[PDB]
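The chains referred to below are lettered A, B, ... by the order of the sequence lines, with proteins before strands, and numbering in each begins at 1. Read the numbers this way: they start at 1 and go in the same order the structure lists the ligands and their atoms. The figures here come from the full heavy-atom set of this structure, side chains too, leaving out hydrogens, waters and symmetry mates.
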Protein chains: 2
Amino acid sequence: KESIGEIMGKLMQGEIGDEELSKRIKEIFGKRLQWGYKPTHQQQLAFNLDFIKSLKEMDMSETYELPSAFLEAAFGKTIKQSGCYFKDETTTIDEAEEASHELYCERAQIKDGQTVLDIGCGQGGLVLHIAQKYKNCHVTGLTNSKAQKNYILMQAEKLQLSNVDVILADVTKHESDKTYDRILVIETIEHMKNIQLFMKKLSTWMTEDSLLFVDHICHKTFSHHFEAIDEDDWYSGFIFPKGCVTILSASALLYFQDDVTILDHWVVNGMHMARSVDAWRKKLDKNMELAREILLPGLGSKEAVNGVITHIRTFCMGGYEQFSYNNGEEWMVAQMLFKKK
Amino acid sequence: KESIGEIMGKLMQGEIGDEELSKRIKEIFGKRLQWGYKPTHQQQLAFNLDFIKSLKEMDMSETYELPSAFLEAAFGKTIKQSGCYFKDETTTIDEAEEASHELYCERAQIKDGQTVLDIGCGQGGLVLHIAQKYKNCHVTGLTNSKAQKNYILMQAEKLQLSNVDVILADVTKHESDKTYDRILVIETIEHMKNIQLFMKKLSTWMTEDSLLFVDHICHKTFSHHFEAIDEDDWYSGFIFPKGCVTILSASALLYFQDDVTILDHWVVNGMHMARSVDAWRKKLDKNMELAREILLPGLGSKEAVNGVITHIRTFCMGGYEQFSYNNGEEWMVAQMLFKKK
Ligand SMILES: Nc1ncnc2c1ncn2[C@@H]1O[C@H](CSCC[C@H](N)C(=O)O)[C@@H](O)[C@H]1O
Ligand SMILES: Nc1ncnc2c1ncn2[C@@H]1O[C@H](CSCC[C@H](N)C(=O)O)[C@@H](O)[C@H]1O
Ligand SMILES: C[N@@+]12CCc3cc4c(cc3[C@@H]1Cc1ccc3c(c1C2)OCO3)OCO4
Ligand SMILES: C[N@@+]12CCc3cc4c(cc3[C@@H]1Cc1ccc3c(c1C2)OCO3)OCO4
């Protein structure tokens with residue numbers, strides 16, 4: 001028997017080899033599958049609906065401020081922090097980001113001239129993609145991160161894009177009468193404490209002609225909070241704080257149609273996400289020395305730097321096991337297209 | 001190689017034994033499972049959404065008049081023609097009908113004093129159940145069958161029920177400003193050519209306080225029209241005419257929330273339906289001589305009587321194979337509770 005702190009100690013000291021690390025995390029996700037799958041569809045739906053109902057009761061009641069230079073050394077060219085799309089075995093992370101952006105544009109039915117809102121826009125890859133491809137679109141990113149807003153505005157300037165603005169806001173607190181032809185939510189809904197109210201708020205920012213496109217990490221069958229099942233799981237709470245991230249089932253959002261109506265529904269197989277986190281892990285490993293140097297003035301000590309790096313690297317190692325599980329057929333990416341009620 | 005007419009000939013002459021009959025029908029449903037299941041959830045959703053979209057394009061464009069005495073000889077006490085619920089191995093069809101009625105009342109949140117509409121009420125078992133149990137409810141059955149209306153009214157009279165009325169109407173053509181606290185649709189939606197318009201129509205018969213409860217035969221994973229895949233399937237078109245019956249997936253109705261909003265969702269394992277059709281088959285077999293005598297004056301010849309009997313018996317034999325497939329975990333019954341938008 002070994003404690004959390006024992007495994008955590010070895011992890012932070014780089015004493016767990018990649019083989020053992022992957023094995024340990026795969027086992028943790030294996031136990032999540034045992035927890036989530038029920039013997040009958042009757043029981044599966046009972047379990048799933050209990051989860052959905054609990055989310056609706058949450059109506060009653062991560063640090064994205066890392067330096068841009070570090071994020072540039074770990075992620076692809078546009079610093080996309082979401083599942084990318086890989087056509088080939090030799091597809092690069094840069095190509096995969098672009099392919100994913102194109103996929104979103106196709107599925108969200110983006111057309112030149114539209115007003116576009118990207119909720120939780122991150123480093124703005126999708127915002128910049130749409131702004132460059134569709135010069136008559138006006139594209140607004142919304143983020144709660146000052147660093148992210150500043151990065152996007154700088155990039156828009158460098159790219160001679162005049163059709164970009166960024167709203168600095170907590171989306172759950174943002175009040176506006178403004179409406180948009182297209183609202184995009186790419187791997188942001190997983191952070192939403194109150195989904196029913198979130199979807200309601202989004203619907204008020206839509207007209208009859210608007211479409212809403214949501215992309216979220218999912219499991220194909222069941223939903224779960226990204227948290228430890230038992231005391232043996234050192235991994236989940238290390239990656240995300242308690243209550244930060246919800247992994248909805250691929251169909252969970254179908255039960256959140258009070259204010260929006262589904263038009264289409266897709267999933268993207270988990271191997272795409274697996275290849276995404278693998279590319280990030282490999283790039284971080286290649287740029288390890290550089291990353292360490294970038295992080296040192298902002299953090300204080302080499303130990304605090306090692307801590308941030310281990311966190312991100314383990315996220316990628318763990319993510320690989322999660323999304324590659326059964327060749328991408330467990331955890332994957334769900335996508336949904338909605339119109340307003 | 002053997003033709004449809006060859007198998008059909010032997011079936012109508014009672015030359016196919018129960019063992020071979022079950023085996024043949026099981027194989028037909030086996031091929032439906034091969035048709036419906038896709039290798040990845042990505043492909044599964046593509047397939048499922050194509051089906052859902054095709055149903056929404058059907059916005060552009062069985063004989064329930066058999067004698068009551070015959071139906072009494074084949075079905076349970078209230079002549080329920082839908083999946084029943086069996087607690088025990090020794091549960092009778094009469095007990096299973098009552099248990100199913102109770103299940104609907106619980107899940108549809110029936111309370112004394114409500115106005116209740118039962119759409120496609122059949123021989124009115126559920127209508128009579130609610131009327132007797134809840135004396136302050138006013139219960140309306142709606143059916144397109146004169147025989148069914150007449151049977152219900154007679155039963156209500158015999159049972160001293162003063163809170164029952166029956167609307168004789170094609171539900172798709174029925175126009176009314178009347179609203180109801182509860183609308184129940186028990187294995188009727190499978191007959192609906194236009195589901196989106198059906199759900200829309202139902203919503204106009206609801207107020208803000210109303211609930212809609214739908215029960216339908218389903219497959220847990222995919223939808224299909226109840227029809228022959230290939231030329232080898234003699235069974236499907238014999239049971240139902242082309243375009244009569246749609247088997248929605250257990251989740252298909254989640255995509256039909258334009259005008260109603262989901263509140264709860266259940267499935268009942270297929271063994272309950274299997275036990276239902278088994279009980280009907282066994283009762284028909286026990287009352288075979290009587291059934292033949294009942295049907296003779298209304299039909300004309302012993303051959304025409306044998307035809308109706310073979311149709312109903314094969315429905316039960318086939319239904320057993322369909323619903324018992326993988327211990328009830330393929331085809332089953334889906335149930336959904338909705339409020340108005
Ligand atoms: N309450 C909130 N309000 C606004 N933004 C939020 C938020 N909670 C999380 N976010 C943002 O949502 C993002 C999720 S990461 C996804 C980023 C981007 N859509 C991409 O695909 O790369 C983070 O960048 C975070 O800043
Ligand atoms: N367009 C339509 N309008 C009204 N009733 C219809 C209809 N199409 C089918 N039906 C009725 O719907 C019923 C389906 S059978 C289910 C009967 C009953 N709900 C029970 O559980 O036993 C049939 O009795 C048929 O008469
Ligand atoms: C957007 N997401 C929000 C929720 C979430 C949750 C996840 C996940 C990825 C995501 C995504 C993608 C992503 C990629 C890189 C990141 C990251 C996230 C968080 O946070 C820091 O670095 O893999 C397992 O569980
Ligand atoms: C109501 N349903 C409508 C659609 C449908 C479709 C079915 C099924 C049962 C039914 C039900 C249940 C039933 C039971 C007995 C019947 C019957 C039906 C038809 O028609 C004549 O006798 O089993 C396989 O496919």
Item to complete: Test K201(A) against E175(A) for salt bridge (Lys or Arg N to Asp or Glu O under 4.0 Å), laying out the working first.
Response: CA-CA 9 Å; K201(A) 203 176 207 62; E175(A) 297 291 306; 2.8 Å; yes
Worksheet item: Going through the distances and angles, do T172(A) and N194(A) end up as a side chain to side chain contact (heavy atoms under 4.5 Å, CB included)?
Response: CA-CA 9 Å; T172(A) 65; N194(A) 193 160; over 6 Å; no
Item to complete: In sequence, state the C-alpha distance, the side-chain angles, and the governing distance for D278(B) and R281(B), and then conclude on salt bridge (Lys or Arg N to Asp or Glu O under 4.0 Å).
Response: CA-CA 5 Å; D278(B) 185 54; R281(B) 197 271 298 159; 3.6 Å; yes
Worksheet item: When you look at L248(B) and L55(B), which way does the side chain to side chain contact (heavy atoms under 4.5 Å, CB included) test go after all the steps?
Response: CA-CA 10 Å; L248(B) 297 166; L55(B) 296 175; 3.7 Å; yes
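Of the listed options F240(A), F29(A), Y320(A), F240(A) places a heavy atom closest to atom 7 (C) of ligand 3. Of the options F315(A), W280(A), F75(A), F226(A), the smallest heavy-atom separation from atom 17 (C) of ligand 3 is shown by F315(A).
Summary of contacts: the protein heavy atom closest to atom 3 (C) of ligand 3 is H191(A) NE2, 3.4 Å. Looking from atom 2 (N) of ligand 3 to the surrounding protein, the closest heavy atom is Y64(A) OH, 4.0 Å. The protein non-hydrogen atom at the shortest distance from atom 23 (O) of ligand 3 is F323(A) CE1, 3.4 Å. When hydrogens are left out, the protein atom nearest atom 12 (C) of ligand 4 is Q81(B) O, 3.3 Å; that is the closest non-hydrogen contact. Considering only non-hydrogen protein atoms, atom 24 (C) of ligand 4 sits nearest to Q322(B) OE1, 3.0 Å. Protein heavy atom nearest atom 11 (C) of ligand 3, with residue, atom name and distance: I217(A) CD1, 3.6 Å.
Atom NZ of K26(A) has 12 or fewer neighbouring heavy atoms from other residues, nucleotides or ligands inside a 6.0 Å radius. Open room surrounds CD on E27(B); 12 or fewer heavy atoms of other groups in view lie less than 6.0 Å from it.
Below 30°, between 30° and 60°, or above 60°: for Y85(A) and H272(A) the angle between ring planes is below 30°, a parallel geometry.
Of the candidates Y235(A), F323(A), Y320(A), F29(A) forms a ring pair (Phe, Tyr, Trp, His ring centres under 6.0 Å) with just one, namely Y235(A). Just one of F226(A), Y325(A), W35(A), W331(A) meets the ring pair (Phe, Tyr, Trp, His ring centres under 6.0 Å) condition when paired with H219(A); it is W331(A).
When each atom of ligand 4 is checked for a heavy atom of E62(B) under 4.0 Å away, the hits are 20 (O), 21 (C). Those atoms of ligand 4 that come under 4.0 Å of a heavy atom in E187(B), given as number and element, are 1 (C), 3 (C), 11 (C), 12 (C).
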As a test of reading the model: which N/O atoms of the protein lie under 3.5 Å from N/O atoms of ligand 1, and at what distance?
unit_1   : atom_1 : unit_2  : atom_2 : d
ligand 1 : 1 (N)  : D170(A) : OD1    : 2.8
ligand 1 : 3 (N)  : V171(A) : N      : 2.8
ligand 1 : 12 (O) : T188(A) : OG1    : 3.4
ligand 1 : 19 (N) : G120(A) : O      : 2.7
ligand 1 : 19 (N) : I186(A) : O      : 3.0
ligand 1 : 21 (O) : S82(A)  : OG     : 2.6
ligand 1 : 22 (O) : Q81(A)  : N      : 2.8
ligand 1 : 24 (O) : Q148(A) : OE1    : 3.2
ligand 1 : 24 (O) : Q148(A) : NE2    : 3.0
ligand 1 : 26 (O) : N144(A) : OD1    : 2.9
ligand 1 : 26 (O) : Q148(A) : OE1    : 3.2

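Contact annotation: for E190(B) versus ligand 4, heavy atoms closer than 4.0 Å belong to the side chain alone.
Proximity of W331(A) to ligand 3 is not established, as no heavy-atom distance is less than 4.0 Å.
Looking only at distances, no side-chain donor or acceptor of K80(B) sits under 3.5 Å from a matching main-chain atom of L126(B). Without hydrogens or angle criteria, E65(B) side chain to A147(B) main chain gives a donor-acceptor distance under 3.5 Å. In terms of modelled atom types and a separation under 3.5 Å, the side chain of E97(A) and the main chain of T78(A) share a donor-acceptor contact.
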